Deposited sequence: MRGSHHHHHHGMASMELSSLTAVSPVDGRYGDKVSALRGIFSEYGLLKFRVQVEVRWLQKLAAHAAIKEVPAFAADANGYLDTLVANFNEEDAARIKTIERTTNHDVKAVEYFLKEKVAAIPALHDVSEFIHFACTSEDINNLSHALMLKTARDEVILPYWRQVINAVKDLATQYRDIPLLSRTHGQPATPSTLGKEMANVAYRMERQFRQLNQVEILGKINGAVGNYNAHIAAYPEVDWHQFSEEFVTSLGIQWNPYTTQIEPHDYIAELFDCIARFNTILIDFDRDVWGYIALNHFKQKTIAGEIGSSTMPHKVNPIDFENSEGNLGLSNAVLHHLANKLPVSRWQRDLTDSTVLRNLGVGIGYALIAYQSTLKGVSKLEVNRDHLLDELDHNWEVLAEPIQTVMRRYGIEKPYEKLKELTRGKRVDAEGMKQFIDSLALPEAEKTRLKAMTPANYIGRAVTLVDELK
């Protein structure tokens, strides 16, 4: 049966496919052939621009026009053509080569030099750079902006919930009070950390030739330094320079990228589980509309997808850097999957966003929940005792905590203590709700 969203095996190209559309221009075969074409053209132009090669004479403005436009206007029909040529070639890169060959066929300047397309390059010279462009383009145009959307969402929830008291939960149970603003502030913080780390990750490439030794480049063209040629070329593409390679690129940097992305996804998983929890306690209710509990599912699915993402992200990151000797092709097919994990991630991200849009806080439920546990108020008293020398605070506080613990019992206990009456007054001005320690200011320090 023909391919559609209904007939698709993978939900990424499946029911969730219209979310991931931006990756169809990148990690698909269309992206592969696209960046292959770009890189090949850039390679030819780079040749013609070198004075030491008289075989490719420097291009006129118009021919450069045809090439640049060939790279910029590249579309799905062209990819189709390459795929059709691949039937005859049986090599998918040589198919690109022929595609370009027949595209320049009518332009004398280009056709005459057309045999210098993919000159001295091995296939992975084109492939690894195509990949690099895939991952970089994805990172900047897609991933990072989403990370920013989520981050800003959590920051928003942090400013909105800033002064809202909350009864904290340690090993599932009531604990020293906080605010939701802060609980979001932490997530935002860690997310920002990973963001930074991901923007600082290196993205690497090479054209080294066959084994990386510039063998045929130098054998054919001793007049050139192909090291400088290679650096200039790889840097010309907006990529980073990896002078030491076997036939392939060792792939370490993709392990790095996917590691970071995985960390982010993990933090987000923690967030989704936590919000799932807060909803379970009815700390959250549905927002009114123009179109009531919140169905958690937006986060749920997100969580469910995030792991899946990691599942792939990890594996590649683990597998790719290992390739037998000078190379094995086990990586090639795997490198077709670069955008699957990311895809999952994307979905998850969006889901979370949606979830956040549905969230409204339930204030009076939290206020009451705090009102009903006055035991958290033992602690600050204890400290204020530990300062003034009152002996065995943990011994004396048991005379209270086990069991009514109202505000009356509390203030009575505080009255029965030996203490400067200013501290008595203060302690007696305490409520579990009002007592956040430093939360709010910390929430405000985030920006």
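Missing from the model, by position in the deposited sequence, are residues 1-14, 306-313, 425.
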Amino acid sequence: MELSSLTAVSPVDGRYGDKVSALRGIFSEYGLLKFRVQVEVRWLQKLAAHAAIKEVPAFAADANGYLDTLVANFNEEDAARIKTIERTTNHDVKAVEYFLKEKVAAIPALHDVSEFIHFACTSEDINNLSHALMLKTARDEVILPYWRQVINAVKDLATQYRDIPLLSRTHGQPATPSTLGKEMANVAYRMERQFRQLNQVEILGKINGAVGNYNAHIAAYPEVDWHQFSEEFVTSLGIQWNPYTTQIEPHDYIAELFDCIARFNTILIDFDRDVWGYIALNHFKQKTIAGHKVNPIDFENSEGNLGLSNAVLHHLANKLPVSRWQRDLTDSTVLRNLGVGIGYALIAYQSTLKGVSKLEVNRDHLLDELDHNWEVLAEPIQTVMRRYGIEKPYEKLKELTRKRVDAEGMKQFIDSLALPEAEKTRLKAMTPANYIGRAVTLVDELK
From here on, numbers count along this sequence of modelled residues.
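Between the stretches 373-381 and 176-184, it is 373-381 that shows the larger average CA temperature factor. For the segment pair 166-174 and 303-311, the entry gives 166-174 the higher mean B-factor, averaged over Cα atoms.
Residue-level inspection of the entry shows that, of 416, 45, 38, 28, 416 has the top Cα B-factor. Reading the B-factor column for the CA atoms of 264, 229, 344, 284 in the entry, the top value corresponds to 284.
Looking at the C-alpha B-factors along this chain, the one for residue 406 belongs to the highest third. In the deposited entry, the Cα temperature factor of residue 23 sits in the bottom third of values across the chain's modelled residues. Residue-level temperature factors show residue 52 in the middle third of its chain, judged at the C-alpha atom. Among all modelled residues in its chain, residue 260 ranks in the lowest third by Cα B-factor. Per the PDB record, residue ranking by Cα B-factor puts residue 101 in the middle third of the chain.
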